[PDB]
Each structure stands twice: as C-alpha cells, then as structure tokens.
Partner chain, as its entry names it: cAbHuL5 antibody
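Next comes just one chain, in structure tokens: the form deposited without its partner chain.
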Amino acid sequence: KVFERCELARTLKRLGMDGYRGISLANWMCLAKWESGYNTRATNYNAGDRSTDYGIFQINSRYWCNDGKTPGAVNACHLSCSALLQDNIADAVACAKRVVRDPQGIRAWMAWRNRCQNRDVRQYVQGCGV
C-alpha cells in the first residue's frame, strides 16, 4: 500500500516511533518519504552487490532481513524480507527500530543524510495531529 502523509504519521506514532532512540517522528516521515514515497511494496535490487531494499524504509537484505538469495548476507531483524512488504508496517517498524539501536542511529540510511539531516522537517508532520 501507499500511505497518505498524515495517515502514516499517526500510524508511526501509534507504533511507538516518536522519539525512539531520540529520533523525532518528522525524521522518520522524511526517511519513509525519500526511501519509498510511503510505499510498503517498494523493492530495489542492487546489481552491484546482489542485495535488495524492501518496504517503506527500504531495509537492505544483506544485513537486516532474509530473502535467501543475497550472497553472504545476515538477518539482524530476524524477519523474512517478505514481512517487510506487508500493508501492515508493524514488522517493518520493528526492524527500523533494531537498525537504529546501532551506533549510527538514523544515519544508517544514506538518503536520510542527504535529504533530511540538518534540514527543517516540520513540514512532514504538519496538520497531522501528532
């Protein structure tokens, strides 16, 4: 599914994302926006290293989930990458939380650094009632 801005913001807040490891809701919203456009079906193959990005946060199969086809990958979230493709984002959110429990935090996703870091991100949650 493709979430509408405010619908996603409320869902994320309900799932415990606001301030998780000090990351504001607007940062998660900015990330989800730039990673997939709020699309839980989004997939991206990386021909250069044979891994795929799955879901709304485009979590990588080489490190976070298992798709069985990625060369010498790991499964930190201990989830099938298929779970990262459900309309229900609870599993994806749980994985995004695991990802930020590492030292880098939300800096783990390079697009966040490029499109979100040190910017005014209030616009992603304005009017949403969050």
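Numbering follows the first chain given and starts at 1.
For the pair 36-44 and 72-80, the record assigns the higher mean C-alpha temperature factor to 72-80. When 119-127 is weighed against 1-9, 119-127 comes out higher, by mean CA B-factor as recorded in the entry. Comparing C-alpha B-factors across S51, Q104, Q86, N27 in the deposited entry, the largest value falls on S51. Ranked against the other modelled residues of its chain, the C-alpha B-factor of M17 as given in the entry falls in the lowest third.
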